[PDB]
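2 protein chains.
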Amino acid sequence: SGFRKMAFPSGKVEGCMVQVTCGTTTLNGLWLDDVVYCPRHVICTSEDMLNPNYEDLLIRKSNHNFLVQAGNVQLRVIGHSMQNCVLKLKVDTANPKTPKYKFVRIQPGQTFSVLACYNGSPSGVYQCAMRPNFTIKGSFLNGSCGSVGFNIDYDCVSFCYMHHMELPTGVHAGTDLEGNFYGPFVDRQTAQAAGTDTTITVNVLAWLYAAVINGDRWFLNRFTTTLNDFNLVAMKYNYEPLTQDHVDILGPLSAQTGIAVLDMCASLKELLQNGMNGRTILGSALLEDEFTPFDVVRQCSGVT
Amino acid sequence: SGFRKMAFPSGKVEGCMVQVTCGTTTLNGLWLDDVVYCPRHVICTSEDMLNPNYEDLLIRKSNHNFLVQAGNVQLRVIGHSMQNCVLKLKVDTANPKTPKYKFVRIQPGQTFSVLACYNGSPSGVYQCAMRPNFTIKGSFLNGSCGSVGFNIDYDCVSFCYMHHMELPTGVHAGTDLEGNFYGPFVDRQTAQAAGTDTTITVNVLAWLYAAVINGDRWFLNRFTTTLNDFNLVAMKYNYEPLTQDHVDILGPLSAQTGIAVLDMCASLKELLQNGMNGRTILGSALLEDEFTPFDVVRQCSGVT
Ligand SMILES: NC(=O)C1CCN(C(=O)Nc2ccccc2)CC1
Ligand SMILES: NC(=O)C1CCN(C(=O)Nc2ccccc2)CC1
Numbered sequence: 001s002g003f004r005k006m007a008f009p010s011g012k013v014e015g016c017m018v019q020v021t022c023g024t025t026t027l028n029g030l031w032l033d034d035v036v037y038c039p040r041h042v043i044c045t046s047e048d049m050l051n052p053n054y055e056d057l058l059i060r061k062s063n064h065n066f067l068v069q070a071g072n073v074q075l076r077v078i079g080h081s082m083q084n085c086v087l088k089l090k091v092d093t094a095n096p097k098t099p100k101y102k103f104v105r106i107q108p109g110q111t112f113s114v115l116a117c118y119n120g121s122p123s124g125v126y127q128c129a130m131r132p133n134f135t136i137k138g139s140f141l142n143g144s145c146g147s148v149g150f151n152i153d154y155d156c157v158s159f160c161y162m163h164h165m166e167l168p169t170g171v172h173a174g175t176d177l178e179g180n181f182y183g184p185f186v187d188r189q190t191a192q193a194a195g196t197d198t199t200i201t202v203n204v205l206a207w208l209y210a211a212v213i214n215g216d217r218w219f220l221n222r223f224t225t226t227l228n229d230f231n232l233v234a235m236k237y238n239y240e241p242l243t244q245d246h247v248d249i250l251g252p253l254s255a256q257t258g259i260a261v262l263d264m265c266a267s268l269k270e271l272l273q274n275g276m277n278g279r280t281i282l283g284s285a286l287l288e289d290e291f292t293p294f295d296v297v298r299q300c301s302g303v304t
Numbered sequence: 001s002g003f004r005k006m007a008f009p010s011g012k013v014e015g016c017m018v019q020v021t022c023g024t025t026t027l028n029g030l031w032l033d034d035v036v037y038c039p040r041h042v043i044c045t046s047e048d049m050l051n052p053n054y055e056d057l058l059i060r061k062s063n064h065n066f067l068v069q070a071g072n073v074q075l076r077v078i079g080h081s082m083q084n085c086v087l088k089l090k091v092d093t094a095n096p097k098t099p100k101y102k103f104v105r106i107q108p109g110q111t112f113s114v115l116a117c118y119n120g121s122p123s124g125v126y127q128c129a130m131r132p133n134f135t136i137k138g139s140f141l142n143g144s145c146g147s148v149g150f151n152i153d154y155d156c157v158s159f160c161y162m163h164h165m166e167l168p169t170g171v172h173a174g175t176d177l178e179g180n181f182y183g184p185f186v187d188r189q190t191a192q193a194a195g196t197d198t199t200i201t202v203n204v205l206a207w208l209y210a211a212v213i214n215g216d217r218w219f220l221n222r223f224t225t226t227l228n229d230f231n232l233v234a235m236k237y238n239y240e241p242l243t244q245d246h247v248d249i250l251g252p253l254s255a256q257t258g259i260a261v262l263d264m265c266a267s268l269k270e271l272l273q274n275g276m277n278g279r280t281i282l283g284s285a286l287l288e289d290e291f292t293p294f295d296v297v298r299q300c301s302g303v304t
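Just so you know, the protein sequences line up as chains A and A', in that order. A prime marks a further copy of an entry chain. Residue numbers for the first sequence follow the authors' numbering, so the first one is 1 and each next one is one higher. Residue numbers for the second sequence follow the authors' numbering, so the first one is 1 and each next one is one higher.
Written out as structure tokens, the structure is:
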């Protein structure tokens, strides 16, 4: 029992963090096989960052201008390429701690663990969501760039995020491991405003199931609703619309708890319209939307 | 920028988790040097757990009745002793992944990362507090016992918690690594009620500093207070009393932000008396008390 915002174990990812230095800029790299991945903006001074021409900046850079350090041993760079907004640094040594891994471009609403790093050294691990506007609400100081987001399926690490930018609003943007930004974001220090930060409706409902399973039930009511009816209330509250897919995904939690999905929707409708009245659910005074249905099944079943 | 409930990297601790089986009971052990540490209640059936005589139960147990497994390799048990509420299983192999480590008995209000494990396999990592009533609010299913709480200082792991019990109320109790329960708890399945769960005042104030540093300032007011005055309001709200020590510990955050500690106390007094009025602080609708002053300095400076 109990429910907690839980990160994946960071061990397999700790073993892949290196320091990448180009001139005066140091940040984090991901060492997998004989490739170190980092944000291409390692080649920018902060001045460059106002209007960088990455192609022009890169021309001036040779393999020997990329200083790659793993703990207290230096890696030889035998190759470098720009893929989208990441650099791939070919080193002469395969990372001996390379776990099984994939690159996956996640969907908005999906959750992942972030290993916050400085100078290739991990400082902490926290669980995140990709917001519907493709921002994340991270904890990232100067030198945190190249910190990666991941999920783990038994022994395989799916890398889904590399950290690049803090937006002027203090939220975070970055790329998949192919270097493609999540959302409309660019590795340029400019006015980039994120859109509306909507709540991940399916996640909130997942977390209401987690509550019920863990004994927090006060918010169960005698009402049901329809998807159309529920989505009228969702709209008003900047909740993501709920689809039959979302309903389908909640099926197992529905089944286990014996509370139909539309009944819980009607529970959630009342919570939105009437607030918590000073009560909490799983120790929270607002509706948590950074647990997926998969997350709740995982934590309430005990998958390793 | 951004502030997050961040666990220590779990890598060094992942490398020390084993499976311990005695008859039909399997749970987690901590393999450090040539000793595996586990909850002594590995020797209880759930029936025993109603009124166990650990000395009598242990007599029936030989070294060969403790099955210790590290991934898919078995460890030979050459010795076993009962220290308080833990078993120490002497194996013939030193854990080759033993990090630098200490056992430390933490103080209430202190925070630590928990690596939730099942069958010696880590499922997730989350940050915790030792509550003032010496309970923790964990996420622990059947087979999670021997899951450990820790802090990391650069490369040294201070083990501070081993998980033993879920209380009838769904909170968690367990021991330091010397086998001494935190609080009045015993490894017996009985009515054990925890005392009042007071809020960790110094932690809340630390987290208000974190808010200010991260741009959340709406709750700063024009009032100050005294320790005595503040503690009258604390009492009423089941907040731990604030001492000159607590004030001293907040000194650096005070200094950095230029907000005196007693002014922030007066900010917190108003938050207690008037609530959040539907506003949030660092994405929370209640007062967070599971960041220590050290935690806020760490995360707002970027220590690895
Ligand atoms: N800006 C540019 O035109 C270039 C593009 C290609 N390039 C490489 O280093 N390619 C390479 C070399 C050795 C092994 C593997 C790959 C440097 C940058
Ligand atoms: N219940 C009891 O009287 C005993 C107490 C001592 N004991 C041991 O196994 N001691 C031991 C043996 C070999 C190497 C290291 C330590 C078993 C339990």
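The C-beta atom is built at its ideal place from N, Cα and C for all residues, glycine as well.
Any non-hydrogen atom of ligand 1 closer than 7 Å to residue i Cβ
i	result
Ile152(A)	no
Ligand 2 heavy atom lying under 7 Å from the CB of residue i
i	result
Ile43(A')	no
Residue from the options whose Cα sits closest to the Cα of residue i
i	options	result
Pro184(A)	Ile78(A), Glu288(A), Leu227(A) and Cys85(A)	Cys85(A)
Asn95(A)	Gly71(A), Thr25(A) and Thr111(A)	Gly71(A)
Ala266(A')	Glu14(A'), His80(A'), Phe3(A') and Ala234(A')	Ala234(A')
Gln107(A')	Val13(A'), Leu242(A'), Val204(A') and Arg131(A')	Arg131(A')
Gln244(A')	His41(A'), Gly179(A'), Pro99(A') and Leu262(A')	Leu262(A')
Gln192(A')	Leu167(A'), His172(A') and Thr199(A')	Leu167(A')
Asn63(A')	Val204(A'), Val73(A'), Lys90(A') and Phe230(A')	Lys90(A')
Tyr101(A)	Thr225(A), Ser1(A) and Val157(A)	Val157(A)
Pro52(A')	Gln74(A'), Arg188(A') and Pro9(A')	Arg188(A')
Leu227(A)	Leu32(A), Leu268(A) and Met276(A)	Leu268(A)
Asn203(A')	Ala260(A'), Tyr209(A'), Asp289(A') and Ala211(A')	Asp289(A')
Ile152(A)	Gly11(A), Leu286(A), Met82(A) and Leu253(A)	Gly11(A)
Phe181(A)	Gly29(A), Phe134(A) and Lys5(A)	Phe134(A)
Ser81(A)	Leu58(A), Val68(A), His246(A) and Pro99(A)	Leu58(A)
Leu141(A')	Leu32(A'), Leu220(A'), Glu178(A') and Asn28(A')	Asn28(A')
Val20(A)	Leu282(A), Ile249(A), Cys145(A) and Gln299(A)	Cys145(A)
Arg40(A)	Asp34(A), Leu32(A), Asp33(A) and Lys61(A)	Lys61(A)
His164(A)	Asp155(A), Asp176(A) and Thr98(A)	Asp176(A)
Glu47(A)	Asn119(A), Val13(A) and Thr190(A)	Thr190(A)
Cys38(A')	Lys88(A'), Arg76(A'), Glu55(A') and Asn65(A')	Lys88(A')
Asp34(A')	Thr196(A'), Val18(A'), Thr225(A') and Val186(A')	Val18(A')
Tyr54(A')	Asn274(A'), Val186(A'), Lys5(A') and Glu14(A')	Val186(A')
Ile249(A)	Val296(A), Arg217(A), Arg279(A) and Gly275(A)	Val296(A)
residue 354(A')	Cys22(A), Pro9(A), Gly302(A) and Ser284(A)	Here chain A' has residues from 1 to 304 only, and residue 354(A') is not among them.
Cβ distance (whole Å) where residue i is taken to contact residue j below 8 Å
i	j	result
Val104(A')	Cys160(A')	5 Å
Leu242(A')	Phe223(A')	At roughly 16 Å, the Cβ-Cβ gap does not stay under 8 Å, so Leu242(A') and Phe223(A') are not in contact.
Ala7(A)	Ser139(A)	The Cβ separation is near 12 Å, so there is no contact.
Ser147(A)	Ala194(A)	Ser147(A) to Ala194(A), Cβ: 19 Å. No contact.
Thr24(A)	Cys44(A)	The pair is not a contact, with the Cβ atoms about 10 Å apart (cut-off 8 Å).
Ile200(A')	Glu240(A')	6 Å
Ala206(A')	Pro293(A')	4 Å
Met162(A)	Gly174(A)	5 Å
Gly2(A)	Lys137(A')	6 Å
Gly149(A)	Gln69(A)	Actually they are not in contact, since the Cβ atoms of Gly149(A) and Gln69(A) sit about 23 Å apart, beyond 8 Å.
Entirely enclosed beta strand (DSSP E) segments - the region 128-183 of chain A', minimum 3 residues: 148-153, 156-166 and 172-175
Any residue whose CB is nearer than 7 Å to a heavy atom belonging to ligand 3, listed in chain order: For ligand 3, the structure offers nothing, since it holds only ligand 1 and ligand 2.
Completely contained alpha helix (DSSP H) runs for the region 245-297 of chain A, where each covers 4 or more residues: If we require 4 residues or more, the alpha helix (DSSP H) runs fully inside the region 245-297 of chain A come out as 261-274.
3 or more residues per run - each beta strand (DSSP E) lying fully within the region 9-66 of chain A': 17-22, 25-32 and 35-39
4 or more residues per run - each alpha helix (DSSP H) lying fully within the region 80-131 of chain A': none
Secondary structure, alpha helix (DSSP H): runs of 4+ residues fully inside the region 197-224 of chain A': 201-213
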